[PDB]
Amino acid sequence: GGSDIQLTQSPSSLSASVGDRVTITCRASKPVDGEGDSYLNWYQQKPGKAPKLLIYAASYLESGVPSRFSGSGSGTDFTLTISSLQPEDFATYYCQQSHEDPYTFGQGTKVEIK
């Protein structure tokens, strides 16, 4: 790494309830803005499955992904927000920058349902 873009998430882990709002933060060592957009994507990976794309280019919802997921931010500060946590949202969440090669992922945020 070193010259690679580092992606840091917080919190590392969190526990919540059904109906609650969850907020996840993704911080980049270098900005990922280009041409009025931010090339930061959000993935959901349930246990034992492969990841699934939720949001691409910071804030654009992937087709078929529920509207309660939303992405925001610019530069080096990005936030995934689940407005109403659900039982099937128990997963680890990854952010990934696709602005600069190589593409890197964050370390992950595990969301447990209480």
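Numbers for residues come from their place in the sequence shown, where the first is 1.
Trainee: Using only the Cα atoms and their B-factors as the entry lists them, report which of 24-32 and 81-89 averages higher.
Mentor: Result of the comparison: 81-89.
Trainee: Can you let me know which of the two, 94-102 or 13-21, has the higher average C-alpha B-factor in the entry?
Mentor: Higher mean C-alpha B-factor in the PDB entry: 13-21.
Trainee: Could you tell me which third, lowest, middle or highest, the C-alpha B-factor of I113 occupies within its chain?
Mentor: Highest third.
Trainee: What third of the chain, by the recorded C-alpha B-factor, contains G71?
Mentor: As the PDB entry reports it, the C-alpha B-factor of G71 lands in the lowest third of its chain.
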